[PDB]
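Below is one structure, written out as C-alpha cells, with a few remarks after it.
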Amino acid sequence: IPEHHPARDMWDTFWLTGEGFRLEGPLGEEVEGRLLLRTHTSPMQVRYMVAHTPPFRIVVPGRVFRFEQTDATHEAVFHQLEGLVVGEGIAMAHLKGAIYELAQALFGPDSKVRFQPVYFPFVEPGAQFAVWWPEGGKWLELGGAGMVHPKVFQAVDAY
Amino acid sequence: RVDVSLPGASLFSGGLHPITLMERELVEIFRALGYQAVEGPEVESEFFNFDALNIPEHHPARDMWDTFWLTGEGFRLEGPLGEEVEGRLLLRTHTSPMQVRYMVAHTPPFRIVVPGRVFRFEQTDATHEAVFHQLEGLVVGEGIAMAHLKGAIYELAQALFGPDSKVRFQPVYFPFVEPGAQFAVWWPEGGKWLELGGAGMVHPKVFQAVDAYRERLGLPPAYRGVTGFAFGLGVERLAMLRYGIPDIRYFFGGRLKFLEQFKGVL
Amino acid sequence: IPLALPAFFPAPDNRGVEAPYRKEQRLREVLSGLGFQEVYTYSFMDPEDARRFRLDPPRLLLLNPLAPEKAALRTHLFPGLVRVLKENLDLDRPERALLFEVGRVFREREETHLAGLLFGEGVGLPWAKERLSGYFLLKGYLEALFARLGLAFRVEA
Amino acid sequence: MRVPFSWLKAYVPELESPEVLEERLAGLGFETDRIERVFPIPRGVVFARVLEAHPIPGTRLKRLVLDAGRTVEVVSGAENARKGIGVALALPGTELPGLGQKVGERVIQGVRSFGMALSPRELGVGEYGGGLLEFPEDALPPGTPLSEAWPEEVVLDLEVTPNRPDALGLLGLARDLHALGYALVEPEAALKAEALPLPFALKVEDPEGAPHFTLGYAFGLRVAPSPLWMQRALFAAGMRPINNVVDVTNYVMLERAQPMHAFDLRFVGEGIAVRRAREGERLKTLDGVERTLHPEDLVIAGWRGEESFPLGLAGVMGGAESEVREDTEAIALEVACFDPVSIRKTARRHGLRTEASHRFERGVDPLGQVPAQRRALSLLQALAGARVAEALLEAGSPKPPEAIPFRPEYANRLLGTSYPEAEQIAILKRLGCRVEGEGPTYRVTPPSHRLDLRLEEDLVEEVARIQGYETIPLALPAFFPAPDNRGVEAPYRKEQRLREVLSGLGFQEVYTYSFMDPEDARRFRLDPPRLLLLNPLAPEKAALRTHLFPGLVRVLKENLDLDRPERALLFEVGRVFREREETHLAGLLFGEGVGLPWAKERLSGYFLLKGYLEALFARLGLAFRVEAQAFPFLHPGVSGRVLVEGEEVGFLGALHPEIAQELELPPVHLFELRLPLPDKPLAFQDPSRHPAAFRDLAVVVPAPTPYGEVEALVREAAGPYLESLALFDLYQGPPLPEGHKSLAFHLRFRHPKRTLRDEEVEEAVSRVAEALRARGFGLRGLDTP
Ligand SMILES: N[C@@H](Cc1ccc(Cl)cc1)C(=O)O
Ligand SMILES: [Mn+2]
C-alpha cells in the first residue's frame, strides 16, 4: 500500500510526531519510518512472519485507530481481529472453511457464509465475507480476506 | 501521613487444586487440536464400564481393573440419551465407558476428550491411589488412521515438554482397541521416558455395541463405515512429575499448606 | 507408522457439546479469584456421619469398601469440608479459612454440588481489631459471586 | 458510480433485470449500495415545440407560444426559454413530483399560462432547476406524452474499487458481464473522415504529466440539444445535459472511463500546449470559479504569437471561456492519459473532485485514446453533423502490456478448486486476454484496459470470480506447525488470566481512549507526553497517554456526574506511550468501602486497596510489597511505590489533594503497574509432618520507622526455621516512650525432618532480639506466651 495510492485512502491515518521514542521491530531491533497509529492489525502479519517460519496459524486482536467522525455506529478507536494461516499447500478452500467454522461457532447450525470478490492490496484473490444471522434473519458483512499477496511474502523475505 | 508499608485489609486469596490446573492444561492442549471436553457419571453400569467395551466377566482382561461394586435401591442411573438404564452398579474404573455413551448420543466425525474421577479397589501408597483422575481421548470419523493417533500424542508431548520432547509407541493390549498400544514421552529435563497412557484404534466390537444400543433406542446406525482412535492417560502421575509432588496421597489429603502452594500456577 | 493430523468438519450434533464442562470451569475460576480455596475430598462417606452430621442415610453403599469409614457414597459435600477443617486445625493451626469444593454427590440420582466453608476471625486490619466475619461475611462473598455471574441471589430463612 | 439499467443493457442486451444484474455484479466484485426506480412522468406532461417567445412588457417573464398538438400559451421566467427548442409541457391537471400540488391553468402577468414548461427539477429528472429542459425541436410529434420517449429507469448505485478503474466505464462493466457469458454489443464508430490538415498544433511540453495525448478535429458543428435518449441516459447517471458536443464527451466518458473535453477553436489560437502552469497564472474554470494555478498543475493551454494562456486544468476541469456553446463551429478534442499522481495532487490542491479527476487518479487505459476519439468523433458527426478530419495529433507512444506466465494447475492449487484447463483459458480469453503456448504454463498478455492484471495470481482471481467464489469448496488444513511457533501465545494468555483474576477479585474493567489532553500533563502533574498527533480529532485528544490513571480519575468524575455511585473499584489494562510503548495495569478505589449496609464500621481507603492488591499477588503467587516514595500526582502522606517480587513495577497511593480539589473529587486511591508482571516459578515446598513452635513478641520502635524495615529485620533474623510472622497489633503511647510504638508479631517455627527443641527456638528468638536492639529497637515483651 504505497503513498498517493488510491488504495491508501481506505485508511484515514493518525500521524504522530515527537522524538526519543523507540519503535521496536519484529526481532526486537530498533526500526525507523514515519510513526502513526496503526489503521488496522494487518501490519502484525508482516511482523510475525519475519520473526517465525511456516507453517503456522495466528489470530491477532488489537486496538486500531482511524481519523473519523464518531457517531452511533462509527469510531475512530476500535478493535479488529486478524487471521493469518501460512504453509505449503494452503488454498482458498481453507479460508472458506475457516470462516464457515467461524460462523457455525458464532450463530449455530443454521448459519452460513458468503464470499464476494473485493479488493485489498495485500491479497489476491481478495474477498469480503458475510455470515447469515438466523435470528435477525439477515447477512452481516463481517470482514475481508483473501490469499496473501506475492509482494507481501517478498517484503517479508527481503526484510 | 500513613505507614504505607503497613498490611492492608485481609481480603481472602483463593486458589485452584493441582489436579484442576493439570486437567485444565491438558484440556487446553487438546482444545487447540479441535477436541471438546465432555464428562460422564462416576457411578456406572457394568454394561458401560465393561461389557460395551469388550470386557466380559471371568475374562482375564477384566482383572486389569479392580472394581468397587455398589448396592442400594432408589438410585436412578441415567443413560446417554437421558433414559433410565440398568445393570450392576459400580464406580467406574476408568473414563473409557464415556466414549460409548458419547458415541450412542452423537454422530461422527468428532473429537472429544473426557476428564474424570475414577475409582479402583487398591492399596494407597506414595504413588498409588484408589481414587484418581484420567483423561480419555476419542476421535472417530471416516478415514481416521493410526497415523493420526501418533500425531496427536506427538502434539501432546511437544505441548507438554518442549521441542526436544518425543513420543514412543509399543504394542500393548486392551479389549477395546486393535491395534492397541502404550505410549511414552521423552522428558528432556529429568531425561527419561515417562509411560503416559495406552491407546489404539477403536475395536470393531465397540462400534457394534454402540450401534446395537442405538437400535434398541430407536436411533439409526452411525458407526458402520468409520474408524477411529482413542487414548487414555493418568492425570496425577503427570501432575506430580510436572508440579514436583512427591506423594500422590496429597491431592486428596485436603491439607491447606499443600494446596495453597498452587495459587500462583496459572 | 508415520505421524499425521486429521482434518474434518465435525458433525453438527457435536457443536457446543463442551458448553457444560466450560461452564463449571469458569465457576471454579471465578471462585478462586473471589477468594475461595479449592479442595478435593474423597467421594466416599462414613455411614456414621449420616448420624453425626444429621443427614438422611446414604443411598448407595460399597459391597467391598477400603474400610468401613469409606463404606458409603457421600450425599453431601459439606461434611467432608467440615472434617478437613478440623484436620487442618490439628496439623497446622489456621486462624481463618475460606474453602470451596465442587464434586459429584449421590442420592436418588448422581448430581454435581458446589459447597463452601468459612471459619476464623475474618476480614479486617491485622494490627487493628474491628472485623468482618461469620454469616454475613460469607453471605457477602456469596453475593459477589452471583453478582459476578449476573444471577439473582437471595437467602430466605 | 451510477449504473442505469437500460444504458448498460445497450451493451449487454440479454440482461435479465436490475435485480439479477445486482446479483451478477456482486459476484464479479462490485457491490451495489442501492437500487432506485427514477423517471415517473405523468400523462399530463407532453412534448411541446416553442414556436415563439415573447417577453411580457415590464416583467422579466416571457409568453411562450407552444405547439403541443394544438397551440397553447404558457408563461416562463427561465433564461433559456427561447423559440426553436422543444420543452416538457406539464398541462393543467398534472401531478408533478417536484411540487406536491397540482399543475393548472393560471393567470400570470396578463396572460393565461396553460400549465407550465418544466425544469429538470420540476419534472424530477435532475436536481437542476435554473432553466427549462431543452429538447430537440423535433424530438417528438407535438403533444405526444413524454413518457412515450422517456420511460422510467432503474439505477444501481455501484461501488467500484480502485483496482478496477476500467469499471468506471459502463462498457468496462459490460465486458465483465460478457466474461460471465452474456453477449456483448460494442458500439460501432461509423466515421466519415476527411483527409485535410488540422488548423492547429500540439506541443506537449510536459510528457511526465501527459504520457499519451491526442487531439481530434471536428468542424462544421451545429451545436444544439441532445437526443432524448442521451439526456435520459446522462440524467440517470447523475449528470446534466448541456448540448450536443458537451453531452457526447460526458456520454463517452461514462461509457469507457475516458474523460475528454471539447475546446472551442476560437480560443485555441495557434495550438494546444500541455504544460505546467506559471506561478500566479489565473483560470476561470467551468464551475464559474476564478482560480489561481500552482506551478505544479498540469494545464491545457493555447498560444497566439508570443502569448500562452491556460485553457483548462488538465484532467480535472476545463476552462469556462473555451466551453463549447451554441455559436461554436469547430473544436479541438482532448482525449489523453494523465499522470495519476499529478492529477491527484492538483485535484486536492484546489478542492476539486470531478468525474474526470476521479478516473485519471484511478488510472486510464494507456492506449484507449485513439479508440475513444473515433467513438466521440463518430457521435459528434451523428448528433452535431460534424465534419471530422482523418488525422489526429498524437504525442506519446505507450507500450503494450507484457505477457504473464499462467499455470491452470497453480490456479486450481491456489484456490483448492479443480476447474479443467480449457475452462480457464476460455474465461481469460473472454476477458480480452491473449493466450499463447500450450501449457503447462502459458503466456497470458492482458488487454491494455486492465491495469489490475500483472501477476499470475491476478489471473487466478479472474478465473475464480468468473467461475464464482461459490464454486470454491470448503476445507480445513492439517499440518504440524513449525517449531518456532510453540507457546507463541503465552504472553497473550498471561495477560488474559490477569484481567480475569481481577474481575473475579472484585475489580471492574474499563476501556479509556489511548489519547490524552496535553494539559492534563500539567493538571495531573506528569512529565510531558512524548508522542503527539499531527492531526488530532481535537486538542483535548492531541497527545498519546503516558499514564493510565488520569483517564480513570476522569471516568470517576464523569460517573459521579451522570449517576451517583457511592463506591467504585475499577481497573484498566492498556498500552501507554513514553520512550517505548508499554503495557500498564491501573486500578482505582473510591467511596465508603466494605462493611454492612445497615451497619457503620467499614473498610476502605488505602489499606482497602492495599489489601485487595495483596490478594491479587497472593493469587498470582508473587511477592507484593509497598515501600514509601513520593509521586507528584500522589498524596505526600499516602504515597509509595510497588515492589513485585523485589523489582519496582509501579506505584500505589491516594490522589494528591490539590488535584482532587481542582477536579472537585473526594479522596481517590489508586495504583499503576507495568506489565508483564514477573514470573515466579514453582518450587514445591513439601509440608512438615511435625508440630510448629508458637511464640510472640512486640518490637518497640519510633513512630517514623516503617513497618517494612521492622518486619524485614525480624524475619531476616528469625533464622532458617521461621514459618510465619504476622502483625496482629500495632500500638503506641503510654507507657512506651511517645514517638515510639510496639509491633505485635505472631511467630511460628517448624523443622521439616523432626520437631524443634526449646534451645533452638528460644535461641533463635534471641538471634532476633539481639540484632533487634543492635539495630536500635526495643522488645516490649520477649518469649511472650
Ligand atoms: N482407560 C484405560 C486406558 C486406555 C487404554 C486404551 C485406550 Cl484406546 C484408551 C484408554 C485404563 O483405565 O487403563
Ligand atoms: Mn485482480
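Within each chain, counting starts at residue 1; across the C-alpha cells, chains are named A, B, ... in the order shown, with ligands numbered 1 upward in that order.
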
DSSP strand (DSSP E) residues within range 62-112 of chain A, as a count of residues only: 14

Long-range neighbours of residue 97 in chain B as a list in words, 9 Å cut-off, only C-alpha atoms, 2 positions minimum in chain: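 That gives residues 40, 44, 47, 48, 49, 50, 52, 53, 92, 93, 94, 95, 99, 100, 101 and 102 of chain B.
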
d(CA of residue 148 in chain A, CA of residue 450 in chain D) in Å: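 Computing it gives 21.2 Å between the two atoms.
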
Please find the residues of chain A near chain C - the criterion being any atom within 9 Å, counting only C-alpha atoms - and write them as a PyMOL selection string. chain A and resi 97+101+104-105+108-109

Write the residues of the preceding selection, restricted to N, CA, C and O atoms, as a PDB file, in the first residue's frame.
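Result went into out-v9.pdb, see below:
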ATOM      1  N   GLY A  97     -13.258 -22.509   4.605  1.00  0.00           N
ATOM      2  CA  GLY A  97     -13.630 -23.443   5.651  1.00  0.00           C
ATOM      3  C   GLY A  97     -13.489 -22.814   7.026  1.00  0.00           C
ATOM      4  O   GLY A  97     -14.271 -23.089   7.935  1.00  0.00           O
ATOM      5  N   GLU A 101     -16.430 -22.250   9.695  1.00  0.00           N
ATOM      6  CA  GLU A 101     -16.349 -22.674  11.085  1.00  0.00           C
ATOM      7  C   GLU A 101     -16.604 -21.514  12.022  1.00  0.00           C
ATOM      8  O   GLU A 101     -17.231 -21.677  13.066  1.00  0.00           O
ATOM      9  N   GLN A 104     -20.548 -21.004  12.084  1.00  0.00           N
ATOM     10  CA  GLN A 104     -21.190 -22.063  12.860  1.00  0.00           C
ATOM     11  C   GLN A 104     -21.016 -21.803  14.353  1.00  0.00           C
ATOM     12  O   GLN A 104     -21.978 -21.816  15.121  1.00  0.00           O
ATOM     13  N   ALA A 105     -19.778 -21.549  14.754  1.00  0.00           N
ATOM     14  CA  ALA A 105     -19.455 -21.307  16.150  1.00  0.00           C
ATOM     15  C   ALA A 105     -20.107 -20.059  16.716  1.00  0.00           C
ATOM     16  O   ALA A 105     -20.352 -19.955  17.919  1.00  0.00           O
ATOM     17  N   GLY A 108     -24.674 -20.823  15.145  1.00  0.00           N
ATOM     18  CA  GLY A 108     -25.425 -22.063  15.094  1.00  0.00           C
ATOM     19  C   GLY A 108     -25.415 -22.792  13.767  1.00  0.00           C
ATOM     20  O   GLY A 108     -24.898 -22.283  12.766  1.00  0.00           O
ATOM     21  N   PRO A 109     -26.006 -23.999  13.732  1.00  0.00           N
ATOM     22  CA  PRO A 109     -26.090 -24.859  12.548  1.00  0.00           C
ATOM     23  C   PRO A 109     -26.862 -24.279  11.381  1.00  0.00           C
ATOM     24  O   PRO A 109     -26.705 -24.730  10.248  1.00  0.00           O
TER      25      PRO A 109
END

Fewer than 5 positions away in the same chain doesn't count, so skip those; otherwise give me all residues within 9 Å of residue 91 in chain C, counting only C-alpha atoms, as number ranges by chain. B: 255; C: 86; D: 689-692

Write the selection just made, keeping N, CA, C and O atoms, as a short mmCIF file (atom, residue, chain, number, x, y, z; two decimals), in the first residue's frame?
data_model
loop_
_atom_site.label_atom_id
_atom_site.label_comp_id
_atom_site.auth_asym_id
_atom_site.auth_seq_id
_atom_site.Cartn_x
_atom_site.Cartn_y
_atom_site.Cartn_z
N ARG B 255 -4.95 -30.91 52.74
CA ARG B 255 -4.12 -30.01 53.54
C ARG B 255 -3.83 -28.67 52.87
O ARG B 255 -3.27 -28.61 51.78
N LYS C 86 -11.18 -29.43 60.64
CA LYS C 86 -10.63 -29.94 61.89
C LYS C 86 -9.21 -30.43 61.65
O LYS C 86 -8.27 -29.99 62.30
N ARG D 689 5.50 -32.75 58.62
CA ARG D 689 4.51 -33.56 59.32
C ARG D 689 4.43 -33.16 60.79
O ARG D 689 3.37 -33.23 61.41
N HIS D 690 5.56 -32.71 61.34
CA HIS D 690 5.68 -32.32 62.74
C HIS D 690 5.02 -31.00 63.14
O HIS D 690 4.73 -30.16 62.29
N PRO D 691 4.78 -30.81 64.45
CA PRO D 691 4.16 -29.61 65.01
C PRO D 691 5.06 -28.38 64.92
O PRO D 691 6.28 -28.50 64.84
N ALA D 692 4.45 -27.20 64.96
CA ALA D 692 5.19 -25.96 64.86
C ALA D 692 5.30 -25.23 66.20
O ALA D 692 4.44 -25.38 67.07
#

Up to 9 Å from chain D, what residues of chain A turn up? Count only C-alpha atoms and give them as a ChimeraX atom specification. /A:4-7,13-24,36,51-58,67-69,76-77,87,89-98,100,114-121,124-127,147,149-150

Taking 6 positions as the minimum chain separation for residues in the same chain, which residues sit within 9 Å of residue 21 in chain B when counting only C-alpha atoms? Answer as a PyMOL selection string. chain B and resi 239+262+265-266

Please produce an output containing C-alpha atoms for each residue in the selection, written as a tab-separated table (two decimals), in the first residue's frame.
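Saved the output as out12.tsv:
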chain	number	residue	atom	x	y	z
B	239	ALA	CA	0.72	-33.62	37.71
B	262	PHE	CA	-0.55	-23.76	43.81
B	265	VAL	CA	0.41	-21.69	38.99
B	266	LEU	CA	-1.60	-20.06	36.19

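Every protein or nucleic acid residue with an atom no more than 8 Å from residue 281 in chain D, counting only C-alpha atoms and leaving out same-chain residues fewer than 5 positions away, appears here: residues 292, 293, 294 and 310 of chain D.
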
Residue subset to file, keeping N, CA and C atoms, as a PDB file, in the first residue's frame:
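As written to disk, out16.pdb reads:
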ATOM      1  N   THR D 292      -6.395  30.304  -9.135  1.00  0.00           N
ATOM      2  CA  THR D 292      -5.003  30.674  -9.326  1.00  0.00           C
ATOM      3  C   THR D 292      -4.201  29.390  -9.315  1.00  0.00           C
ATOM      4  N   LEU D 293      -3.516  29.121 -10.417  1.00  0.00           N
ATOM      5  CA  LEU D 293      -2.751  27.895 -10.561  1.00  0.00           C
ATOM      6  C   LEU D 293      -1.400  27.843  -9.879  1.00  0.00           C
ATOM      7  N   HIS D 294      -1.042  26.634  -9.460  1.00  0.00           N
ATOM      8  CA  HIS D 294       0.222  26.343  -8.802  1.00  0.00           C
ATOM      9  C   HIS D 294       1.122  25.796  -9.909  1.00  0.00           C
ATOM     10  N   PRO D 310      -3.831  29.692 -20.244  1.00  0.00           N
ATOM     11  CA  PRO D 310      -4.466  28.455 -19.775  1.00  0.00           C
ATOM     12  C   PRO D 310      -5.842  28.253 -20.398  1.00  0.00           C
TER      13      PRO D 310
END

Could you list the residues in chain C lying within 7 Å of chain B, using only C-alpha atoms, and format the result as a PyMOL selection string? chain C and resi 1-6+10-11+13-14+17-18+21+32-42+59-64+66+84+88+107-109+123-126

At most 7 Å from ligand 1 (only C-alpha atoms and all ligand atoms): residue list as a PyMOL selection string: chain B and resi 93-96+136-137+174+176-177+180+197-202+229-233

Per residue of chain D within 6 Å of chain C, record the nearest atom pair and its distance in Å to one decimal, counting only C-alpha atoms, with rows in chain order and ascending residue number, as CSV.
residue,atom,partner,partner_atom,distance
D:476,CA,C:7,CA,5.9
D:478,CA,C:7,CA,5.6
D:501,CA,C:33,CA,5.0
D:504,CA,C:33,CA,4.5
D:505,CA,C:34,CA,4.5
D:727,CA,C:127,CA,5.7
D:728,CA,C:127,CA,4.6
D:729,CA,C:127,CA,3.6
D:730,CA,C:127,CA,4.9

Give the alpha helix (DSSP H) residues of chain C, as assigned by DSSP on the backbone, as a PyMOL selection string. chain C and resi 19-34+49-52+78-91+135-148

Store the residues picked out above, limited to N, CA and C atoms, as a compact mmCIF listing (two decimals), in the first residue's frame.
# COMPACT_ATOMS: atom_id res chain seq x y z
N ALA C 19 -19.97 -26.88 26.19
CA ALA C 19 -20.51 -25.79 26.98
C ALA C 19 -20.58 -26.15 28.46
N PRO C 20 -21.31 -27.24 28.79
CA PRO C 20 -21.43 -27.66 30.19
C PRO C 20 -20.10 -27.67 30.92
N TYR C 21 -19.13 -28.40 30.39
CA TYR C 21 -17.82 -28.50 31.03
C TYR C 21 -17.17 -27.14 31.21
N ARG C 22 -17.26 -26.32 30.17
CA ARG C 22 -16.69 -24.98 30.22
C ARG C 22 -17.37 -24.12 31.29
N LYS C 23 -18.69 -24.27 31.42
CA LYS C 23 -19.47 -23.50 32.39
C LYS C 23 -19.00 -23.73 33.82
N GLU C 24 -18.81 -25.00 34.19
CA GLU C 24 -18.37 -25.32 35.52
C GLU C 24 -16.93 -24.87 35.75
N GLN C 25 -16.14 -24.82 34.70
CA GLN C 25 -14.76 -24.41 34.87
C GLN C 25 -14.69 -22.94 35.23
N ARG C 26 -15.48 -22.11 34.54
CA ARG C 26 -15.50 -20.68 34.83
C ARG C 26 -15.87 -20.50 36.30
N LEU C 27 -16.90 -21.24 36.73
CA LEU C 27 -17.37 -21.17 38.11
C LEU C 27 -16.23 -21.38 39.11
N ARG C 28 -15.45 -22.44 38.91
CA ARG C 28 -14.33 -22.72 39.79
C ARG C 28 -13.35 -21.56 39.75
N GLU C 29 -13.08 -21.07 38.54
CA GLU C 29 -12.13 -19.98 38.36
C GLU C 29 -12.54 -18.67 38.97
N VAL C 30 -13.82 -18.34 38.87
CA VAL C 30 -14.30 -17.10 39.46
C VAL C 30 -14.18 -17.21 40.98
N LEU C 31 -14.49 -18.40 41.50
CA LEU C 31 -14.42 -18.67 42.93
C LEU C 31 -13.00 -18.45 43.45
N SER C 32 -12.02 -19.03 42.76
CA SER C 32 -10.63 -18.90 43.16
C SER C 32 -10.18 -17.46 43.06
N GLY C 33 -10.83 -16.69 42.20
CA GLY C 33 -10.46 -15.29 42.03
C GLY C 33 -11.15 -14.41 43.05
N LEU C 34 -12.25 -14.91 43.59
CA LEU C 34 -13.03 -14.18 44.58
C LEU C 34 -12.40 -14.33 45.96
N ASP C 49 -21.43 -40.75 59.85
CA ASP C 49 -21.55 -39.31 59.67
C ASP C 49 -22.97 -38.95 59.27
N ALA C 50 -23.71 -39.96 58.82
CA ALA C 50 -25.09 -39.75 58.42
C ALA C 50 -25.80 -39.31 59.69
N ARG C 51 -25.43 -39.97 60.78
CA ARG C 51 -25.99 -39.69 62.09
C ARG C 51 -25.29 -38.46 62.68
N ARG C 52 -23.96 -38.46 62.62
CA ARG C 52 -23.17 -37.35 63.15
C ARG C 52 -23.61 -35.98 62.65
N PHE C 78 -20.58 -30.78 52.18
CA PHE C 78 -20.12 -30.04 53.36
C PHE C 78 -19.49 -30.86 54.49
N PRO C 79 -19.97 -32.09 54.73
CA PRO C 79 -19.39 -32.88 55.82
C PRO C 79 -17.89 -33.09 55.63
N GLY C 80 -17.47 -33.38 54.40
CA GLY C 80 -16.06 -33.59 54.12
C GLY C 80 -15.26 -32.31 54.35
N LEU C 81 -15.90 -31.17 54.10
CA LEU C 81 -15.26 -29.87 54.29
C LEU C 81 -15.10 -29.57 55.78
N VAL C 82 -16.15 -29.83 56.56
CA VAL C 82 -16.09 -29.59 57.99
C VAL C 82 -14.96 -30.45 58.56
N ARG C 83 -14.82 -31.67 58.03
CA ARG C 83 -13.76 -32.53 58.51
C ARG C 83 -12.40 -31.97 58.17
N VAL C 84 -12.13 -31.71 56.89
CA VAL C 84 -10.83 -31.18 56.51
C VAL C 84 -10.47 -29.97 57.37
N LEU C 85 -11.48 -29.22 57.80
CA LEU C 85 -11.24 -28.05 58.64
C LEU C 85 -10.56 -28.49 59.94
N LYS C 86 -11.18 -29.43 60.64
CA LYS C 86 -10.63 -29.94 61.89
C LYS C 86 -9.21 -30.43 61.65
N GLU C 87 -9.05 -31.33 60.69
CA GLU C 87 -7.74 -31.90 60.37
C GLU C 87 -6.70 -30.83 60.10
N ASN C 88 -7.13 -29.66 59.64
CA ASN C 88 -6.20 -28.58 59.36
C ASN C 88 -5.85 -27.82 60.63
N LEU C 89 -6.79 -27.82 61.58
CA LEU C 89 -6.61 -27.16 62.87
C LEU C 89 -5.68 -28.01 63.74
N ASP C 90 -5.67 -29.32 63.48
CA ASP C 90 -4.86 -30.27 64.22
C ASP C 90 -3.39 -30.37 63.77
N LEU C 91 -3.16 -30.28 62.46
CA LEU C 91 -1.80 -30.38 61.93
C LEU C 91 -1.12 -29.02 62.03
N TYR C 135 -21.57 -15.38 59.40
CA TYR C 135 -22.62 -15.46 58.39
C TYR C 135 -22.56 -14.39 57.30
N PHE C 136 -22.71 -13.13 57.70
CA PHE C 136 -22.71 -12.04 56.74
C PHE C 136 -21.42 -11.85 55.95
N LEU C 137 -20.34 -12.48 56.38
CA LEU C 137 -19.10 -12.37 55.63
C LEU C 137 -19.30 -13.30 54.43
N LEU C 138 -19.71 -14.54 54.71
CA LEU C 138 -19.96 -15.50 53.64
C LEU C 138 -21.07 -14.93 52.76
N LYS C 139 -22.23 -14.71 53.35
CA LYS C 139 -23.37 -14.15 52.62
C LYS C 139 -22.94 -13.02 51.68
N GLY C 140 -21.94 -12.26 52.10
CA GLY C 140 -21.45 -11.15 51.30
C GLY C 140 -20.60 -11.65 50.15
N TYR C 141 -19.69 -12.56 50.47
CA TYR C 141 -18.83 -13.14 49.46
C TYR C 141 -19.73 -13.82 48.43
N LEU C 142 -20.76 -14.52 48.90
CA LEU C 142 -21.69 -15.21 48.01
C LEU C 142 -22.47 -14.23 47.14
N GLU C 143 -22.75 -13.05 47.69
CA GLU C 143 -23.48 -12.04 46.94
C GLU C 143 -22.64 -11.57 45.76
N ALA C 144 -21.34 -11.44 46.00
CA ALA C 144 -20.41 -11.01 44.95
C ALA C 144 -20.38 -12.06 43.85
N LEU C 145 -20.24 -13.32 44.24
CA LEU C 145 -20.20 -14.42 43.29
C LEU C 145 -21.32 -14.28 42.29
N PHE C 146 -22.55 -14.39 42.77
CA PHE C 146 -23.69 -14.27 41.88
C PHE C 146 -23.77 -12.92 41.20
N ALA C 147 -23.24 -11.89 41.84
CA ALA C 147 -23.25 -10.57 41.23
C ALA C 147 -22.38 -10.71 39.99
N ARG C 148 -21.26 -11.39 40.16
CA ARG C 148 -20.30 -11.62 39.10
C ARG C 148 -20.89 -12.52 38.01

Give me the residues within 9 Å of residue 114 in chain D as a ChimeraX atom specification, counting only C-alpha atoms and dropping any in the same chain fewer than 2 places off. /D:72-75,90-92,104-107,112,116

If we count only C-alpha atoms, which residues of chain D reach to within 9 Å of chain B? Please list them as a PyMOL selection string. chain D and resi 480+483-484+486-487+494+497+505+603-604+606-622+625-628+635-640+652-653+680-687+704-709+727

Of the residues A:78, A:133, A:146, A:47, which is the one nearest to ligand 2, using only C-alpha atoms and all ligand atoms?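 Closest to ligand 2, using only C-alpha atoms and all ligand atoms: A:146.
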
Quick one: of D:170, D:726, D:367, D:453, who's nearest to ligand 2, counting only C-alpha atoms and all ligand atoms?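 That would be D:453, the residue with the smallest distance to ligand 2.
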